[PDB]
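In what follows, a structure is listed as structure tokens, so that the remarks can point back to it.
Number of protein chains: 10
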Amino acid sequence: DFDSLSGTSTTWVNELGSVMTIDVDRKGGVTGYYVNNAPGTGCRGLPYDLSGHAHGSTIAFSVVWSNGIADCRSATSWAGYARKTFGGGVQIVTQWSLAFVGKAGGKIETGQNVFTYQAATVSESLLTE
Amino acid sequence: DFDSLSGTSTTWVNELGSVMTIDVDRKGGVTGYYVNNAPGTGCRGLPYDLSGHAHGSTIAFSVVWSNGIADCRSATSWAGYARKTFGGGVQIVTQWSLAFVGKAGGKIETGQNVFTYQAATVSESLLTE
Amino acid sequence: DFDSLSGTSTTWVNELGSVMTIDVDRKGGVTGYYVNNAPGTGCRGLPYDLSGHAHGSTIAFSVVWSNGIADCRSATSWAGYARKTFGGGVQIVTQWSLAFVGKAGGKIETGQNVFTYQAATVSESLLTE
Amino acid sequence: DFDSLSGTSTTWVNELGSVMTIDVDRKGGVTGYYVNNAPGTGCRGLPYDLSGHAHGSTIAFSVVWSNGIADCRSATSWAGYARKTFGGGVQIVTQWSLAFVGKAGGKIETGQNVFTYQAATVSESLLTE
Amino acid sequence: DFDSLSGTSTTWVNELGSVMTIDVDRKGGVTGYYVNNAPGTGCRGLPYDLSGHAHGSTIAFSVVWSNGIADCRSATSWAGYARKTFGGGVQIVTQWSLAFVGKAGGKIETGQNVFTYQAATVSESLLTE
Amino acid sequence: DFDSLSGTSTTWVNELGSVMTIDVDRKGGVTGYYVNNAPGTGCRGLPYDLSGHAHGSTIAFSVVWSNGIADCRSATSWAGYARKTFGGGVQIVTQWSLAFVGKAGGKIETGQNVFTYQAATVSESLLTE
Amino acid sequence: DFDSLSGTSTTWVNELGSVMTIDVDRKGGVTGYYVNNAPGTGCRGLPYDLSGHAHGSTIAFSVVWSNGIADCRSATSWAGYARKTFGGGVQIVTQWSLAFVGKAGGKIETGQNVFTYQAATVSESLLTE
Amino acid sequence: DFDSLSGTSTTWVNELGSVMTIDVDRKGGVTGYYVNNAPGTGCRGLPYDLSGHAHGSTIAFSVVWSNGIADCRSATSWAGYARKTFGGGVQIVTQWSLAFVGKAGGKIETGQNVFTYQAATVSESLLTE
Amino acid sequence: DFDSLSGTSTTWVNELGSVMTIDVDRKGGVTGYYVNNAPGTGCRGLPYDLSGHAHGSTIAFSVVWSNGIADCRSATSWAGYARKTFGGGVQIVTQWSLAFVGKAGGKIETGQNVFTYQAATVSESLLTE
Amino acid sequence: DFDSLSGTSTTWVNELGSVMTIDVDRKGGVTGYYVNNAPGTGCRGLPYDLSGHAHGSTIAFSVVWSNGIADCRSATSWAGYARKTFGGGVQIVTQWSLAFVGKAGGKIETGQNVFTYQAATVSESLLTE
């Protein structure tokens with residue numbers, strides 16, 4: 003249930019190391035940012051604005067790949083559902099669609115990502131875990 | 003082409019007669035509503051909130067299927083590119099993803115829609131075209 | 003009795019399957035939208051703004067048939083009374099007036115509509131009720 | 003054209019001496035007041051809130067008959083079209099519906115009223131024309 | 003005590019049928035409207051802006067006779083005191099001054115008007131008491 | 003003519019040496035203060051709020067004699083006309099009404115005041131003109 | 003004692019009948035007006051803007067002798083302490099400095115004023131104490 | 003002329019090294035801070051809020067000696083005039099009054115300060131002029 | 003010179019591949035974020051808020067290593083100067099200090115970083131650079 | 003721990019007698035000012051704006067040595083940790099870096115400062131401590 007994230011900020015990591023941090027407001031409005039870490043892609047390593055909406059067990063969100071720093075002239079959107087995992091964990095199973103303009107005109111690709119909730123961590127220092 | 007929708011409201015209809023009306027602000031922020039007319043689906047015939055972002059020839063938007071009237075407990079997201087058609091027409095080619103929870107657990111489906119720009123119509127009367 | 007709708011959003015369907023969603027504020031101000039399904043009319047299947055006022059058992063509201071998508075160069079106004087249905091349901095019994103300007107010039111029609119309150123619904127998924 | 007009334011206040015009088023003073027904003031939103039002077043009615047001689055909408059040659063507006071002074075537990079709505087008269091006068095041709103609840107139960111009447119635009123006047127003093 | 007009228011709207015009628023509807027705020031600020039029904043005067047039957055101030059048992063208020071509809075090129079001001087009548091009625095006993103400019107030059111008349119509080123009424127319908 | 007006072011602050015003295023400073027806004031709204039010097043009156047030598055309206059050659063304003071320092075349980079209202087003085091000066095010829103509640107109860111007096119416009123002055127120092 | 007003037011307006015009069023009305027906010031910010039009644043001085047009889055600050059038993063305030071009506075091209079500032087007098091009265095003992103430009107060039111004078119708190123008075127009428 | 007400081011920030015130093023930095027707005031409102039460096043005084047070396055008013059050649063301002071850091075339970079006010087000095091300089095000649103509460107009750111002292119305008123300086127580094 | 007950065011957003015990379023994006027306001031206020039890439043450090047790959055100030059040829063900014071995702075219980079501050087590179091480029095030569103608390107209590111380390119200005123880039127797609 | 007400083011304003015002095023006053027917000031945002039006392043430095047005795055961040059046991063803050071009065075073309079940043087003193091006191095142990103531009107170009111110096119928390123004080127008067 004994404005309604006229990008109402009007024010929280012949570013971070014989620016997919017199988018390729020890409021990260022999203024999402025703020026879900028009381029109406030289920032989703033804001034935050036996405037850091038792309040996917041091998042073979044541009045617009046890696048810096049925050050891109052993310053927005054969408056969540057209700058019950060389902061969520062949809064999109065990122066346009068332009069942040070004033072690197073513009074990949076592309077758009078991704080995700081939809082997914084929450085599922086609980088063995089001994090207290092939580093994930094979002096998603097399908098994405100990516101749109102862009104190749105030399106050969108428009109193209110669109112799709113794929114799955116599973117995003118795993120990452121609890122906030124505390125280390126001893128910047129130098130030592 | 004999507005930057006030149008700056009400060010405009012535009013309507014687009016897909017192959018199944020589903021309608022989206024979108025407001026695109028100067029920063030490429032997308033708001034408006036979607037009306038689902040897709041045979042075999044719930045949440046038909048009434049505006050649902052739509053949001054996302056447009057930048058180049060690309061756009062990404064989401065709808066959560068809850069409006070206070072009918073809740074299908076599902077979420078759709080689209081990513082698309084603009085193309086002109088012979089005629090001086092404009093279409094958005096899109097791929098979508100749909101997430102929901104069956105009795106079987108969560109599932110996701112994908113598909114294409116092409117949305118065609120519909121220019122504003124004027125009739126003689128409510129009774130006569 | 004409409005004072006009890008203060009701060010609420012309620013959906014109503016008429017004998018033609020036309021649907022409105024009205025918001026009644028603390029002072030009896032009515033806003034919301036109307037989706038027309040009347041056979042042999044234009045301006046069907048999309049929201050049009052509505053406004054009026056309600057006090058006690060009576061209500062009056064108006065729709066101008068222009069929403070930036072389809073202009074039928076017409077306006078409808080309704081006046082009605084609330085009546086409890088056997089059980090705990092509620093209807094609005096209305097008389098409407100329709101004004102338009104055709105090739106024959108200005109005309110006015112009248113008729114009755116009975117609106118029935120429809121509580122919110124929840125389905126399993128967008129595909130399965 | 004009620005579009006030409008954008009940013010204007012205009013006063014209109016019907017064949018029974020009843021008056022409407024309306025403000026049309028740049029989106030066609032109608033606000034103002036109605037003064038009922040119809041022989042044999044209540045709620046006479048004093049302003050009631052009026053709201054509605056105008057576009058092109060058509061207008062619709064509503065008055066609930068409660069202003070904190072006299073409550074006739076009724077609602078009127080009007081739909082009309084503009085017509086030009088010889089002399090450069092302008093009229094709103096309307097059909098109205100009036101809803102009320104007698105000890106009889108709910109009732110609705112209908113009727114026509116033509117509203118004639120009244121140009122602003124300047125008199126010598128409060129005591130002489 | 004006009005202090006007891008804090009946050010209230012009240013309507014008062016004088017011996018010629020003229021009406022004032024006033025709002026007294028918590029600092030004694032008076033706003034509202036005046037409807038002139040005096041035989042043999044202009045600026046009749048429609049609201050003019052009224053402003054002034056009330057404290058304890060005294061009140062003063064002004065109407066300029068220009069409302070964008072009829073301009074009688076005149077100004078009235080009133081000063082008065084409250085008095086209770088047998089039955090729990092309340093009256094404002096006023097002296098007024100009226101200034102205007104005839105082809106004669108400037109002129110000022112004076113007079114008395116007693117304003118009687120009119121309690122809010124509820125009638126069966128617009129058509130019957 | 004008072005429309006030409008739009009956006010101005012102007013000071014005026016009467017035959018008793020009472021002074022008012024009025025601010026007339028674009029719509030003819032009058033605000034400011036009144037300093038009373040009338041012999042044999044209380045509430046002398048300190049500002050009291052004033053409000054009213056001016057249009058064309060006429061004006062009406064009011065002072066309630068309570069300013070949190072001295073309450074004389076009274077209200078004065080003025081109505082008057084502007085008249086140009088030989089040269090380029092200007093006066094307001096007013097009739098006032100005064101209402102108060104004494105040990106004999108409610109009373110109303112009337113009289114005339116003529117206000118003369120006084121332009122701003124500059125001295126050398128607080129000690130030497 | 004000056005902290006307990008928090009959210010109050012208070013009037014004080016000096017030995018020469020000069021008056022200051024001061025508003026003290028929760029932070030000790032002082033606003034209001036001063037009326038000069040000092041024999042031998044210009045800018046007499048009308049409010050001038052006063053500001054400064056109060057904290058303990060101490061206060062400091064300033065008046066610039068320009069109000070849009072009479073400009074004496076001078077500035078006074080006061081510093082003072084509160085003291086109670088036998089009676090349950092309250093005074094502010096002050097020292098002032100006055101700056102101006104004579105034909106001789108700039109000069110500054112100093113002096114004491116004691117200001118006495120005047121409680122709000124109520125009279126029977128404007129005519130009768 | 004302090005009117006030529008309208009919307010500037012300027013710094014001034016007196017014979018004892020005390021500093022004031024004042025912002026004069028378009029109406030002659032004075033805000034900023036004072037740093038006390040006077041031998042034999044508390045509340046030295048840190049900013050205290052200053053406010054007052056300037057017009058033509060004269061200025062008045064006050065400082066209360068409480069900043070949340072050191073409270074000397076004292077108030078100073080200044081009045082002065084501007085004068086030009088040999089080869090382009092500018093000063094403010096002031097008289098101050100200081101109020102405080104000694105063991106022996108309230109006391110007040112006065113004296114002169116001349117404040118000299120200090121032009122903004124630029125050094126090579128924090129280490130070298 | 004960093005005053006040429008007024009109203010700009012600029013991205014900078016150091017010799018370790020750490021990147022900051024800084025917003026310099028018209029007053030030289032610096033905000034933005036830092037993404038850490040230093041070998042053997044925690045808090046890597048995600049934005050941390052940064053703030054400081056810039057004027058002429060010098061800048062100073064700080065990061066606390068807590069962003070709600072990974073808290074390394076540390077703080078870094080930089081001071082630096084602007085160095086123009088052969089051919090229109092720009093570098094910030096900085097000294098940093100890192101404060102943290104280990105098992106043996108508080109520690110501080112220091113070192114040098116050189117930041118290079120990186121203009122925005124545009125790729126063909128998210129897939130091809 | 004600096005999170006106990008949320009919503010507080012606190013003054014701190016170092017071994018050279020330099021003083022800062024810092025405002026820590028509920029999010030650990032630091033603002034305030036620094037007054038420099040270091041021997042052989044310019045920009046002494048007057049406030050310079052300071053900003054940075056604090057969380058848990060660490061803080062980082064910066065000052066640019068330009069305040070409109072004295073520009074030393076330099077910037078200092080500090081990083082430090084909180085150290086509880088025997089008996090309820092608190093110190094910030096800091097390392098600073100100073101960047102400036104001399105005749106031989108950019109230079110950076112570094113060193114240590116220990117800040118001690120100084121609670122607010124109250125003197126009897128500005129004259130006696």
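Chains as they are written, first to last, in the authors' numbering: chain E, 3 to 131; chain D, 3 to 131; chain C, 3 to 131; chain B, 3 to 131; chain B', 3 to 131; chain C', 3 to 131; chain D', 3 to 131; chain E', 3 to 131; chain A, 3 to 131; chain A', 3 to 131. A prime marks a further copy of an entry chain.
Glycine is no exception: its CB is placed at the ideal position from the N, C-alpha and C atoms.
query	result
Nearest to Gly108/C' (by Cα), restricted to the options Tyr83/B', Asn115/B' and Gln93/B'	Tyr83/B'
Distance between beta carbons of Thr10/C and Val26/C, contact taken as under 8 Å	6 Å
Closer than 9 Å to chain A by CB, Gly89/A'	no
Sheet register partners of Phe88/C (DSSP bridge)	None; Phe88/C has no bridge partner.
Where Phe4/D' sits in the DSSP three-state scheme	helix
Within chain D', the residues that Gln93/E' reaches when beta carbons sit closer than 9 Å	Going along chain D', no residue has its Cβ under 9 Å from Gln93/E', so there is no contact; the nearest lies around 10 Å.
Distance between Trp67/E' and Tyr35/E' (C-alpha atoms, nearest Å)	11 Å
Stretch pair the segment 73–89 of chain A + the segment 93–107 of chain A': three plus CB contacts closer than 8 Å	yes
Contact list for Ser125/E' against chain A', beta-carbon separation under 8 Å	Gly44, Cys45, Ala72, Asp73, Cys74 and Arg75
Chain A' contact for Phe117/A (CB, 9 Å cutoff)	no
Bridge partners - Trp98/A, DSSP secondary structure assignment	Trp80/A and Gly113/A
Beta carbon proximity, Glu17/E to chain A, threshold 9 Å	no
Continuous beta strand (DSSP E) stretch holding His57/D: start and end	It is not in any beta strand (DSSP E) - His57/D carries neither H nor E in the DSSP assignment.
Where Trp14/B falls: helix, strand or coil (DSSP)	strand
Sequence-distant residues of the same chain with beta carbon closer than 8 Å to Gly91/C', five excluded per side	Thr118 and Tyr119
Residue-chain proximity (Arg85/A, chain A'), Cβ-Cβ < 9 Å	yes
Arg46/D - DSSP class collapsed to helix/strand/coil	coil
Beta-carbon neighbours of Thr23/D, restricted to chain E and to distances below 9 Å	Within chain E, no residue comes near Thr23/D; the closest Cβ sits about 17 Å away, beyond 9 Å.
Local conformation of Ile71/C per DSSP, three classes	coil
Three-state secondary structure assigned by DSSP to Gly19/E	coil
Cβ neighbour criterion (16 or more within 10 Å) applied to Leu18/C'	exposed
Within 9 Å, strictly: CB atoms of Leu52/E' and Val65/E'	yes
Integer Cβ distance of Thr112/A from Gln114/A', believed to fall under 8 Å	About 10 Å; that fails the 8 Å criterion.
Interface residues of the segment 51–62 of chain D facing chain E [CB-CB below 9 Å]	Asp51, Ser53, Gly54, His55, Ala56, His57, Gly58, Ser59, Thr60, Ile61 and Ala62
Residues that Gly31/D bridges to, as DSSP identifies them	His55/D
Assumed close pair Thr13/D', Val21/D' - CB separation to whole angstroms, cut-off 8 Å	6 Å
Proximity of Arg75/D' and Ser127/C' at Cβ, strictly below 9 Å	yes
Cα-Cα separation between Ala62/D and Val37/D, rounded to whole angstroms	17 Å
Contact with chain A' by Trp67/E', beta-carbon distance below 9 Å	yes
Straight-line gap, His57/E to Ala72/A (C-alpha atoms, nearest Å)	28 Å
Rounded distance between the beta-carbons of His55/D' and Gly30/D', thought under 8 Å	5 Å
Residues that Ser64/D' bridges to, as DSSP identifies them	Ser53/D' and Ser79/D'
Proximity below 9 Å, CB of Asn39/B' to CB of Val116/B'	no
Listed by chain order, chain A residues near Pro49/E by CB distance under 7 Å	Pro49
Bridge-paired residues (DSSP) for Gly9/D'	None; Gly9/D' has no bridge partner.
Contacts of residue 132/A' in chain E' (Cβ-Cβ under 7 Å)	One cannot answer for residue 132/A' here, as it falls past the ends of chain A', which runs 3 to 131.
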